[PDB]
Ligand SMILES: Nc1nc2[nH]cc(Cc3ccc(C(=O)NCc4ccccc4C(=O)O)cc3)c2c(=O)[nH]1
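Okay, here we've got a single chain as structure tokens, the form deposited without this ligand, with questions on binding and movement later.
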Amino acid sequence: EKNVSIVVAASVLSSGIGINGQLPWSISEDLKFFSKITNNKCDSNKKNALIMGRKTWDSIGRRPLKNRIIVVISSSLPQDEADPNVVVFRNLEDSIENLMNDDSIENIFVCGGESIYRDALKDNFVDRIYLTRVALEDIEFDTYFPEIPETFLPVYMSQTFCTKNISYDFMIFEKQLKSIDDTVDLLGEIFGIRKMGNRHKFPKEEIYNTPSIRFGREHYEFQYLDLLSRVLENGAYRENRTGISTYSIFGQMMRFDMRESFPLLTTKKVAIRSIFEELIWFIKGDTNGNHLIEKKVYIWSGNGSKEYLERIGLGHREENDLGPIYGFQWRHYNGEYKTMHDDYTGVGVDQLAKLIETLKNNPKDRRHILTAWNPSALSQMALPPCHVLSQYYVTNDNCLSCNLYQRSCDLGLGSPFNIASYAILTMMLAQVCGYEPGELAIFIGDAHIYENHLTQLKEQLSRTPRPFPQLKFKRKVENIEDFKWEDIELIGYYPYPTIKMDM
């Protein structure tokens, strides 16, 4: 009665594992993971057993594996005891005698084609599934991994890794002291809102994304999803200026890795071109909303109309003429603003150019700060800034990281755009300065959820996330302004369908 585990690497959507008798990919770290998971034992005198079909045995070239016993399931292969590293059995069920008969085996692993994966899943002897989710779907497969029965539950999901611009995860599925929790609950009954834990309750299982993953929430998309759950659990109802009521919690944080993946949310399809188009719009220092609507982008349409520019206190602006906004505060901080149809080249202080200069000539500094919150020009701008501050950091191994502070953040539509926007911005700065992308950390003040997004956000929490895509540039640019959408390649992006959330 030992431990039997399935080890497989399959595509994220199609769940394919092979093509023409070979692997569909060449991921060096995946094979390393295979060797480390199949050699992991406790007793030095026992060995681990690896079960595979004949075609899989032919697939790996009929060459043994060090420190492991290979069990091949075939009806034609000859059985000879001259090689103890390879053993041949006639069926999978009778090959599971390693627990009953052989006491020189600690753990068994099933890893051999769909013929064996199918039978092993139906026979109720497998206790665990080690799954590597490869983000490859362009090519075709002839052997697939069977669907995981409902009896297994995900317990671990690693961060996204990269190998030759290919993204992949690592997942575990499992077939499925205390006086502290009872003392904390009793303390929470005595003190009401006086105990801070009651103000920061853990979200209930009905609003927790993939609740069976209780300890292996390594995948950094959970940083956003779990923040979404915390607002749904203990968010306070707040009426506002109009009728769009929110639920707010104050002081939150989420961080993302940019060294091996691009944090583009996979639990819903995120329009990345419009995110990129608004970022270069910021970088170029532009304030004209018509430049955005001329590129099929309507993010700043409701905040720049004539009705919205006359009920806030203005009204003398053009049709879509936001005032000193993001970009004008990055490239021309302070400085007198006239209209949208002027050239502000050389006015104010250019924080972005000074940032690039300090990143390349003083990397170990601690003043790489880009602010967009100008209290003097708040009442002459269309909407006060939400990404009020961003600080950048050069690690010892030549990586550029980024901190972002947001006073405001709609989790429904704002956060997915801000995460990708400041990740692209950091990668763009990283290439210009000669660095590699590092980490991103988002600090949020008033994290809120609009009431008309509840049904829709509760659908996103029902989707198990997928590995992050890759974002790579084609050419190497000279200045930050020369970036265009033609230079961006989004690789391995396989999101769930869109979620129409109206603003």
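A residue's number is simply how far along the shown sequence it sits, counting from 1. The term rigid core refers to the maximal set of C-alpha atoms that superpose within 1.5 Å between the two forms.
> Compare 97-105 with 159-167 and report which one shows the larger root mean square C-alpha deviation from this form in 8 other deposited structures of this protein once the rigid core is superposed.
Checking 97-105 against 159-167 in 8 other deposited structures of this protein, I find the farther stretch is 97-105.
> Which segment is farther from the shown form on average in 8 other deposited structures of this protein after a rigid core fit, 56-64 or 27-35, going by CA atoms?
Stretch with the larger root mean square C-alpha distance in 8 other deposited structures of this protein: 56-64.
> Between residues given as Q176 and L177, how many of the deposited sequence are not built: none, 1 to 3, 4 to 9, or 10 or more?
Gap between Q176 and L177: 10 or more unmodelled residues.
> For the higher mean C-alpha B factor in the entry, choose 315-323 or 193-201.
Comparing 315-323 with 193-201, the higher average CA B-factor belongs to 315-323.
> In the PDB record, does 326-334 or 247-255 carry the higher mean Cα temperature factor?
According to the entry, 326-334 carries the higher average C-alpha B-factor.
> Whose C-alpha has the highest temperature factor in the PDB entry: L227, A377, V72, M157?
Answer, based on the entry's C-alpha B-factors: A377.
> Go through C433, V297, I272, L136 one by one and give the residue whose Cα B-factor in the PDB entry is largest.
Answer for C433, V297, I272, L136: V297, with the highest C-alpha B-factor.
> Please place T56 in the lowest, middle or highest third of its chain by C-alpha B factor as given in the entry.
Tercile = lowest for this residue's CA B-factor.
> Of the three thirds of its chain by CA temperature factor, lowest, middle or highest, which one includes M503?
For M503, the deposited C-alpha B-factor lands in the highest third.
> Would you check the entry's CA temperature factor for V477 and let me know if it's in the chain's lowest, middle or highest third?
Highest third of the chain for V477's C-alpha B-factor.
> Determine, from the deposited record, the chain-internal third of the Cα B-factor for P416: lowest, middle or highest.
For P416, whose C-alpha B-factor we compare with every modelled residue in the chain, the answer is the lowest third.
> Is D446 in the lowest, middle or highest third of its chain when residues are ranked by C-alpha B-factor?
Middle third - that is where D446 ends up once the chain's C-alpha B-factors are sorted.
Not pictured, yet referred to below: the form deposited with this ligand bound.
> Once the site C-alphas are superposed and this ligand is modelled as in the deposited bound form, is the result open or blocked, blocked being 3 or more ligand atoms within 2.4 Å of any backbone or C-beta atom of this form?
Judged by the transferred pose of this ligand in the deposited bound form, this form is open (no ligand atom within 2.4 Å of backbone or C-beta).
> Of these, 413-421, 353-361, 253-261, 226-234, which stretch puts a heavy atom within 4.5 angstroms of this ligand in the deposited bound form?
The contacting stretch is 413-421.
> Examine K269 and determine whether its closest non-hydrogen atom to this ligand in the deposited bound form is within 4.5 angstroms.
The answer is yes: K269 has a heavy atom within 4.5 Å of this ligand.
> Does any part of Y450 reach within 4.5 Å of this ligand in the deposited bound form? Heavy atoms only, please.
Result yes; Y450 sits at the interface with this ligand in the deposited bound form.
> Any chance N303 has a heavy atom within 4.5 Å of this ligand in the deposited bound form?
Although this ligand is absent here, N303 would touch it in the deposited bound form, with heavy atoms inside 4.5 Å.
> Heavy atoms within 4.5 Å of this ligand in the deposited bound form: does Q380 have any?
The answer is no: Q380 has no heavy atom within 4.5 Å of this ligand.
> From the list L309, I105, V155, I299, which entry has a heavy atom within 4.5 Å of this ligand in the deposited bound form?
The residue from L309, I105, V155, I299 that makes the contact is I299.
> Which one, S274, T395, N165, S248, lies within 4.5 Å of this ligand in the deposited bound form by heavy atoms?
If I apply the 4.5 Å criterion carefully, the residue I get is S274.
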